[PDB]
Ligand SMILES: [Zn+2]
Ligand SMILES: [Zn+2]
Ligand SMILES: [Zn+2]
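Residue numbers (the entry's author numbering), protein chains in the order written: chain A, 71 to 155; chain B, 736 to 833; chain C, 491 to 502, 509 to 539; chain D, 981 to 1176; chain E, 1287 to 1451; chain F, 1 to 63, 74 to 146; chain G, 2 to 272; chain H, 1 to 114; chain I, 337 to 1119; chain J, 1 to 65.
Structural data, given as structure tokens:
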């Protein structure tokens, strides 16, 4: 119920440090448990060091749901988001 | 000049732990207070009968040494006969960074 | 052992400062660091 | 620590080989950094050192007595008559290289105390173990092998970083987490957990 | 006092000026005086400034005062901080102290206001008022061992499908 | 990719030991070239410069930017120098206040050089490679 | 009378070696004293077994005390390192066993010197393990003091050792070392208040060189040559040997590389 | 309690070769060797008797951390000259001096009275 | 407040701390012992089995080891015991509880934890002995030292957390303090005292040493720097080789005092590209200053680079220092015989100037200053007469010091100590004080029973004439005693307030976090600010650059920004542009060039209205001084060949830039208003620095070099936005509580005009927060 | 306690020199200074090993069992 339509740019297109970190973390928790990786490992084996390469290739299947005080919220996929910092 | 009394010797304004300090009258005051607290946590001979008593925990120094610099008041405190540290050779330099 | 046997307590104006009258009775420097600093005295 | 509130720990040990050395062949038993000198302000420590030399040398006793007509001039008029740098400086040579140290170094005999407090009596780690009776939190003390306190003041610093999952851990995974059953209406813990 | 002033030629010439310094405060009836500037007269009693020149002038004295405290010792704190503070003591109508009288006790969040000072009494009346607790605040979510809406937990995370690629 | 850049004969007028022993600030002027002065830092511990002297001062830049300075061995490899005193430096700016004239700013890893003339409009570049040679 | 380093001794006795080590690189002369200080091997007690001790000192206190005691270390070069000798634990080809027996004989004080140490294993006839005395009164150091019914029974197993492992194996004492009296190398910058000249004394070593001459300009190209050393022996190895064995041990571990280097060539290329 | 046994300043554990020799990736014709269980007695000497060779471009050692016995020597020489040889030739020169020092010293010792 | 808001936790440690010159900044020495006890839950993935199965078998006692192994059914195989402890077949999905190894997430705090920087992530480096070892330059944010301080350590158990440690808490990220826009870690003690030494002009290193150093720096390009001096003897400068620690494209400008781009005595600090040019490096530079090299290297290159910089600097300085030597003897507190005399005589005419002010007051001629007692104007008088007497004598000793004086050289570096300390030690120690007042009458009408009654002379009331060197006298001793005592008193019982305040501030702000609408609000949704700190900017990415639009001649301003195309005397020379002529005249461009200048003058009056001060230097995002230097050093532009820009390119370009420095993304009336207003200030810096008469004269930018500068500022700016999530509540409280924690002793004399007389320090701050009705010093100030 | 063997600093054996020391004072009527120089203790690293020594051992033995 009541979710801000695809458009209407009310927030940042850029990724907050707390989003990026939290995402990296979440993939890192899947990479750790023999879950499929969606990148060719260049010869690395650390779930946190990996997820970083999954982030560069932009192939992490996660959607940030950003919350606005009133109760409404926005959805940004890790395709849409810019990783700058 | 209309005196009545006269002090014994001023070093006598000091305490038992304080009179352990060499030249305390060349130190910034709070410092002398620190040494007073640590002198009580230094280590050596605490009694000559330490091999005979049975107290919970007691530390003794392999090779105690009477300081090379002393107070005239150390005399009455018998510090020279029951020292609590060693005359080490000390260097004040930078030398590495440890 | 010497410095414990000459220890002056005080329960609870400004009764921490070293007061003139202390001259030659209580020692200026000897006192515990922090917690109860100055309410304890050494002769 | 010396005798002038000049406390410090041992950072490292070097063997007589890797140590600075005077042309006399003497090596220092310990080295303190000249930095902890002007800022705190302990001149005596510096005197005691310059007296105790002359005492070792002339084989006499040191008169550090507080109020006296003892001068750091009248001291060094003595160390001078003893074939020395009248202020306590001594040409040294590096250890690793034996190349003459460009700057002279103040170095001498100075009474040093050995305070209690030794690492191996402070050292403590724990990964799980002894819980308390009532709280089911980790027990206190190291002499019961207990956990350390994560006081609100440390909770703050954490929220500041915005690290949230980490602070949920420091309050569930480690320490306390517990499972209970609740009600759909009232919302108490009356539920009779007849599991299995 | 000195002062920097625009000179007709351009420079910020230093103009020296006489100023009066005083013990005690009756701003009410000092500024009405003839001879003085009733657009510059300043009284370190920020609490008085609050009743005479309104609330927003207050915000400015309280700040200046929190500031002059920090800076008086050679320190420097970035405006954006003390500012935020000063503001919290303002949005609630008037001057709101930093004690259990000022902040908290303001229908906030029973569990929270409770974890500061006055722990029982808070919970008691909280149980007599039938307070519903928002459960949004920090402390409320520590006292439950849940991840608190804070930085890392400000948002949710979900699976978007479509990839599947 | 070689060759001189400037040449002249200068007259030492002030040897200033500004609380140093292994360095000096030298104030030297020009011969027959009138308006031309030079302010240089000279390690006097190696090449002593008394006041009321004369020094032949040459800039030039002869003999992957820096190719790891290899050791001298100048006995077999032909050198670039018949001078008592050489230094390598960098130019950090060229002062142009009024003038009529021109001034150069050089840093030999720490020792500074300010020179003053005008006939160097095509001599000195805003460049790294810059040496300095002194004899007599 | 060679082509390299040029030693010349001026004074030297049973315990002291005063010489100028002419014509050497610094890095050498240094590495010489270090290897000296603590890389030559020696013998010293390294295991104490206690039968009875009713003295005022505690067991490990004497145990430590014994280590330090200077044991003769001459033919030490033909005693295998205890960590090699195939013998389980200690043996006679890798250790000299000693025994200590002392009791409070009389009512007056019974000093326990080292002279009271007794060799018990076969020396297979080699100079090694005789505890060393220099005391005029003929008593080697001082181990412990006794009063009445105070017994002390010990068994010492001395072993081969390097100071680097523990200073009790040091044959070095103090090593004097100085290059360039009149500082003509400007290796040091004198801290002063007035005439730096009257502020520091000149070392005896100045009589062997010339004044710098203020009128002369600083000499840049000048390396450190000629060192004024002076080695003192603890006594388990004569003075001369310390320096000689030093040179050897240096030379040794220098070659143990030059060899080990060669033992990696015909390793990968060969098979 | 954590202190590592002293004999670890000269002896070598399992699979601890006395020299590891490695190719410097940075500059061509350069090597960085890792002397195990050694120190400034060795390192310093090798370096100075290595800078006498007019055929060497670069040479210097470092002691990583004073807790562990081990230094690294890095050597870059004239092209068409393997550094191992530059090492080889330097070790000998030292030995040649020591062997001759030793002899010179005897020649003197024997002479002295006392 | 002890069982919910703060628990005891597992996976934690503690020990004495000590410094390591050869450790890395983000690292942390963790004794094998502990690393053997702290365990980290790790799941068996075909990625780790090989190393895991080995750890399992390796046993709980060889460091790379592990106790326990968690199976599918939830069993707990204790590898200290258990028959199949040497057996065991690790399959996937099981967990091994390995020991802590090198390079791992550990949170590493030290109480009192009153910062974010009190709690930081480090990298593990398992070590011998039993201390936590850490980099000397991570000293300041903890406030630690090695005189027996302990520290704490916490080991994460989940990946989420592991990440959440080394992505936000990581030490290099914390280098720039969000409290005061400035780096909070720098070069401290030894390294600092020597990275002065090294940088003196006199200081020449040579080959043998030079090469070692080069080697000493890791990732050293492997290129000997050409020797500064290549004359008779190849030597390098000190600065020469230190420049090798400093990265490339890093520029730095100072100008201390007598700094004429020559500097008589190496004043100032000019740093070009990767090398340094002149100056002496010390506190102001290498220190944790606002414009210091660290602030520069960090915003410029990154954290990870700056974090590796710390290492290099030290690694070199240390070495050079190590082999050069530094000390401190008592000859470092002596002064010349001529000076010692002159000091005693500079106390004698100032102990006599006090006898006359008594001799006067006593014959009732001393007129009382309006509003104060006669005794009050005597007291104030004398106190000042004695203070000015000490600093006269003090700064008589600081002129008598030699440059070779070790104590002096530490102040000149700024490693430890200051002026006062010299004066104490060598000249005179000065007056004592308690409650603010000079030495009291505890005995009736005297100080000590060694005095007569009614004696208000210096000596009687606690002026120690003698220095710490010459030694105090009996009375003096005792007074100085009463004084110093006050120190320990305060820190003992005043802190319990400075620490209660912290708790209140923290608890009152706390949950104030910036939301995804950019407004500052609490748990109720109640707005506090409508844009964080009035412009939605993270304190971190900010620095004070002057707005050269304010201070300047009503005329000298024309000189700078005014372009008059249609005027032969105030046009821009054809030598400044590819256009040049064929642009003189033209009434269409002089519409835009007027439009520019109209808005700039319209700024000048607007700033002079905000900042009435006349003060220019204000904290603003994106450093523009450096983005310019980064242009004219990136493109290699010569100040001789004409530009290639249109008056449209520049003037209309900057206009188009300001359109996308978004802070608030909203698309309606009010939004776009606040958005325009919250940018206002920044632009008046932008407009002032990208003024046509500037981007074509002062710094001749090209076409391509401009589109860069522009496109570059946009991204730099967007980096400086505050991140929704940031909890500024806590942040603010802490950022106020800490510097508060720094108020003690004096508070509030305090070396200046003397007295105040108003309430300052914690006492005042206590009123300010209590909204106190009864304040000790209320004050009217009328103009 | 009891005279140590070898002076911490240097290393020269001092343990055997204790007796000789005392004997040079009470019997030979000398001062601690010149007594140390008759003993071969030129360096002060060692001088303070003897000079600052305290022979607690005497009072230790004084006890009976
Ligand atoms: Zn129910
Ligand atoms: Zn055997
Ligand atoms: Zn000695």
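Note that the Cβ used here is the ideal one computed from N, Cα and C, for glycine as well.
request  = Buried or exposed for residue 892(I), please, with buried defined as at least 16 other CB atoms from any protein chain shown within 10 angstroms of its CB.
outcome  = Looking up residue 892(I) in the ninth chain gives position 556. Residue 892(I) should be labelled exposed.
request  = Answer yes or no: does any C-beta atom of chain G fall closer than 8 Å to that of residue 1091(D)?
outcome  = Translated into the one-based positions of the fourth chain, residue 1091(D) becomes position 111. No - not a single Cβ of chain G is within 8 Å of the one on residue 1091(D).
inquiry  = Measuring only the C-alpha atoms, how far is residue 526(I) from residue 617(I)?
reply    = Position 190 of the ninth chain, counted from the first residue, corresponds to residue 526(I). Position 281 of the ninth chain, counted from the first residue, corresponds to residue 617(I). The straight-line gap from Cα to Cα measures roughly 14 Å.
ask   = Hey, out of 24(G), 57(G), 12(G), whose CA is closest to residue 2(J)'s CA?
value = Taking the first residue of the tenth chain as position 1, residue 2(J) is located at position 2. The residue with the shortest Cα to Cα distance from residue 2(J) is 57(G).
inquiry  = Closer than 8 Å is the cut-off here; do at least three beta carbon pairs connect the stretch 471-491 of chain I with the stretch 337-354 of chain I?
reply    = Taking a cut-off of 8 Å on C-beta distances, the stretch 471-491 of chain I touches the stretch 337-354 of chain I, as three or more cross pairs fall below it.
ask   = So, helix, strand or coil for residue 865(I), using DSSP?
value = Along the ninth chain, one-based indexing puts residue 865(I) at 529. DSSP places residue 865(I) in strand when its eight states are reduced to three.
query = What is the DSSP secondary structure of residue 1025(D), reduced to helix, strand or coil?
reply = Mapped onto the fourth chain, residue 1025(D) falls at position 45. In the three-state reduction of the DSSP assignment, residue 1025(D) falls in the helix class, which pools H, G and I.
key: Against chain E: residues of the stretch 1153-1167 of chain D by CB proximity under 8 Å   = 1156, 1157
ask   = If you draw a straight line from the C-alpha of residue 132(F) to the C-alpha of residue 93(F), how long is it?
value = The residue you call residue 132(F) lines up with position 122 of the sixth chain. The residue you call residue 93(F) lines up with position 83 of the sixth chain. Looking at the two C-alpha atoms, the distance is approximately 25 Å.
Sufficient close CB pairs (3 or more, under 8 Å) joining the stretch 1313-1320 of chain E to the stretch 1340-1358 of chain E = no
query = In chain order, what residues place their C-beta within less than 5 Å of a heavy atom belonging to ligand 3?
reply = 7(J), 9(J), 10(J), 45(J), 46(J)
query = Any beta-carbon of chain G closer than 8 Å to the one on residue 1001(D)?
reply = Here residue 1001(D) refers to the residue found at position 21 when the fourth chain is read from its first residue. At least one chain G Cβ lies under 8 Å of residue 1001(D).
ask   = With burial defined as no fewer than 16 other Cβ atoms inside 10 Å of the residue's Cβ, what is the status of residue 3(H): buried or exposed?
value = The residue labelled residue 3(H) in the question sits at position 3 within the eighth chain. Looking at its Cβ environment, which holds fewer than 16 other Cβ atoms inside 10 Å, residue 3(H) is exposed.
query = Can you find a heavy atom of ligand 1 that lies under 7 Å from the Cβ of residue 1209(D)?
reply = With chain D running from 981 to 1176 in the structure shown, residue 1209(D) is simply not present.
query = So residue 149(G) packs on residue 108(G), CB below 8 Å; how close in whole Å?
reply = As a first step, residue 149(G) must be located in the seventh chain, where it is residue number 148. As a first step, residue 108(G) must be located in the seventh chain, where it is residue number 107. Yes, they are in contact, since the Cβ atoms of residue 149(G) and residue 108(G) sit about 7 Å apart, within 8 Å.
ask   = Which partner residues does residue 56(F) have in the DSSP bridge list?
value = For the purposes of this step, residue 56(F) is identified with residue 56 of the sixth chain, where counting begins at 1. Bridge partners of residue 56(F): 9(F), 145(F).
inquiry  = Give me the subset of the stretch 1098-1111 of chain D whose CB atoms are less than 7 Å from a CB atom of chain I, sorted by chain position.
reply    = 1099, 1100, 1102, 1103, 1104, 1105, 1106, 1107, 1108
message = Quick check: what's the CA-CA separation for residue 119(F) versus residue 94(H)?
response = The residue labelled residue 119(F) in the question sits at position 109 within the sixth chain. The residue labelled residue 94(H) in the question sits at position 94 within the eighth chain. So the two alpha carbons sit approximately 36 Å from each other.
message = Which residues in chain E have a C-beta closer than 7 Å to the C-beta of residue 1151(D)? List them in chain order.
response = Numbered from 1 along the fourth chain, position 171 holds the residue referred to as residue 1151(D). Within chain E, the residues near residue 1151(D) are 1428, 1431.
N- and C-terminal bounds of the beta strand (DSSP E) containing residue 820(B) = For the purposes of this step, residue 820(B) is taken as the residue at position 85 of the second chain. 820-827 is the extent of the beta strand (DSSP E) around residue 820(B).
query = In the stretch 887-963 of chain I, which residue ranges form an unbroken alpha helix (DSSP H) of at least 4 residues, counting only runs that do not cross its ends?
reply = 894-897, 925-946
key: Neighbourhood of residue 719(I) by C-beta distance below 8 Å, restricted to the same chain and skipping five residues each side   = Within the ninth chain, the letter at position 383 stands for residue 719(I). Result list for residue 719(I): 767, 774, 1090, in chain order.
request  = Tell me whether residue 160(G) counts as near ligand 2, meaning its Cβ is closer than 7 Å to at least one heavy atom of that ligand.
outcome  = Start at 1 with the first residue of the seventh chain, and residue 160(G) comes out as number 159. Checking every heavy atom of ligand 2 against the Cβ of residue 160(G), none is found closer than 7 Å.
request  = Just grab the DSSP bridge partners of residue 143(A) for me.
outcome  = Taking the first chain and counting its residues from 1, one reaches residue 143(A) at position 73. Its beta-bridge partners are 137(A).
ask   = Are the CB atoms of residue 99(H) and residue 252(G) nearer to each other than 8 Å?
value = As a working mapping, residue 99(H) is identified with position 99 in the eighth chain. As a working mapping, residue 252(G) is identified with position 251 in the seventh chain. Going by C-beta atoms, residue 99(H) is nearer than 8 Å to residue 252(G).
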